[PDB]
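What follows is one structure encoded as structure tokens, with my remarks underneath.
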Amino acid sequence: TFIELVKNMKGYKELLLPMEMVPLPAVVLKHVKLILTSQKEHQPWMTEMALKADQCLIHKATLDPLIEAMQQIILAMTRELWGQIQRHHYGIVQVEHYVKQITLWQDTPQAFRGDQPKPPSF
Amino acid sequence: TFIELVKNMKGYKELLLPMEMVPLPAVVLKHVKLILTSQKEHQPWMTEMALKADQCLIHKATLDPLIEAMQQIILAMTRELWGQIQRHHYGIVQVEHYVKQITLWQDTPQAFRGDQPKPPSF
Amino acid sequence: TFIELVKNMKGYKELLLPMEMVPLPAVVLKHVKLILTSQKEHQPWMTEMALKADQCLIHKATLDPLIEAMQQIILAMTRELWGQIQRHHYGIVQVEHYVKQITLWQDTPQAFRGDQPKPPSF
Amino acid sequence: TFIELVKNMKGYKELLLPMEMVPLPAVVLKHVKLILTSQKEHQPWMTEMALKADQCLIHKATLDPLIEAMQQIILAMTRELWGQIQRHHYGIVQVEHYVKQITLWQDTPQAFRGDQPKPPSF
Amino acid sequence: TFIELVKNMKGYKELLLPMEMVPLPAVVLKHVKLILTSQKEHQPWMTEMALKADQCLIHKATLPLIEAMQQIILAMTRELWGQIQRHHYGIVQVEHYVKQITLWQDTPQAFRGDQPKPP
Amino acid sequence: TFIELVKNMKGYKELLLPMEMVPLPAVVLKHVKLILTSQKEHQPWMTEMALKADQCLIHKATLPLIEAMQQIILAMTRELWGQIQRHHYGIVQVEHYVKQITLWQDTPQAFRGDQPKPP
């Protein structure tokens, strides 16, 4: 319900991506190191990413309805991680434009899509 | 492991209170509705707050080692979640000072600990 | 003997708290890592802090009259070590006032001692 | 480990000297009196020297693995004392240049050193 | 640990390109002769560039100990290819283009992209 | 053979200083931390300088095959010490001063010279 309230606001813009268009776990965490280790001047948003990515390992560590439910949650958290990465790599403003086109390019039937719109570069 | 790596960075100001001081998870959700709803000109950080909030509910709705393991994350999720609440109410800069004052206050033995410091100005 | 000679000097402002108020040696090391690591443009005083810190560990690692004599220095080492921590956090000038306020507060009998003063501003 | 972290910083510069190039104990403490007694306007660094030199006497007073370990520590503290003395006698900036040359003049094989570089005067 | 000492630097960059990106060691040596031969002005980088590539030749004839050397040779190849690409195109372009191709791979196959063109 | 391809170059220099001149590998690593730590401005040489010294660390733990590796480690030490001296003093000074000491040695003992001073 809380997320629905945000979607009811003014000026809200999507930043996440469809569950299908999300890399696999574990490997997706690698981008975390390339943005944390190759960084300096700790900023507030960096801590947010660190405290979110590490959660997947905690849930993943349990692998060594309760069992099924945890696996589903990992996908949701993974989706959030990717949005933050794009919020850093391809700016924060240009990201909204890319996802805006992604929604249109996928919602329309496959007979009308055409070609995938390439995301903006760094 | 990742959070340990980030702590080894320059300009890192802690913003999370001890687990023993953060409110109960039920209480935290109450401020989420006010802060989210009682806001104008929606900002990107608002979306982040809502996404994390639903995660606690999902884990909370799951309880009804493995069975008890998820309970550990619920308490942890509040600690990160409560950090953003104080940023909106007090401010990021003020929070940094408050945490260290609390940390030193908690560090000192209770015999000569002194009066607990009060929160910063809104 | 030497410290007694220095105390007999002009402009001498005390900067060491009573042994009964300084944190435990384990707690002090925690602030060392943050202060050392969370710093930019390394300054000469940073090197001094690290050198003293390892001494406590050496004595601490030694425990595992003569046998118990070394334990006395461990507690003392913290008192001097904690003095530099407050200088970085609060400031040299503010610390001088705080110590004397604590000293007078501790000097006055507990019957009418009053509320313990709070630390200075960061 | 803490000292290693400092050595990993930016702008850090060596100020100590090889253990071999360190005067003997007791006698080295004499320079303490010549800088403390022949001084006025107590400065913060003066207390640091006083609280460090007096430690050797405390360790030395015990003479009247535990026994071996204490003797080793005295050498380490003595090395720190000399650096502070040079930090006062021959400035604080010129000291780094002298030690920089000392490292080169000793690390190279004795067949290539030449002549010892005289330290700068007062 | 030295990389860690520089990983915090502002201008630090991941010059080590993906292993799959670079070709086999033998082919890289070919470009070293071509780039050195083509270049005319003398700068310290070419003098040091030759020395870095020379070590790989010794390991070719020289060959847990053996296995490590095989990985070591590949380590230098990634470093060498960086200077090759940076010199031909530029320092910024390689840093700008390397990430793009990595993204095109780390994607759920179907929506990989459009085969991003090389610089 | 690459050195031969550059040995004919006008600006080619014998950067490989005498083996006796340089100290043991362990001591050299000490100066790498000190020089890198002291230096502040970011240039490609320091980024590449760390990588070149890093390889020596692996060989320390890793250890005709074994004997060759021992000589290989010493080969990198000579290269590393050159950058250390050139950075501290200068490129020309090292090239200017290295020959002087060699002459003082290759002489019939008695008339060796006057122990030429270091730069």
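Residue numbering begins at 1 within each chain, and the chains themselves are lettered A, B, C, D, E and F in the order written.
One rule holds for everything that comes next: a residue touches a chain if its C-beta (ideal position, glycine included) is under 8 Å from a C-beta of that chain, and two chains touch if they have at least 3 such contacts.
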Interface with more contacting C-beta pairs, comparing E-F to B-C: E-F
Repeat of interface C-D, chosen from A-B or B-C - more than half of residue-number contact pairs shared: A-B
Chain D-chain F separation of Cα centroids, rounded to whole Å: 31
Whole-Å gap between the CA centroids of chain A and chain B: 22
Rounded Å distance, chain B centre to chain D centre (Cα mean): 46
Multi-chain contact residues (two or more partners), chain B: 9-13
Interfacial residue positions of chain E with respect to chain F in the complex: 2-3, 5-6, 9-13, 15, 32-33, 36-37, 42, 44-48, 50-55, 57-58, 62-66, 68, 72, 75, 79
Residues of chain E defined as touching chain A within the complex: 7-10, 12-14, 96, 99-100, 103, 106-108, 111, 113-114, 116
Touch list for chain A against partner chain E, complex: 20-23, 27-28, 31, 34, 37-38, 40-41, 89, 115-116, 118-119, 121-122
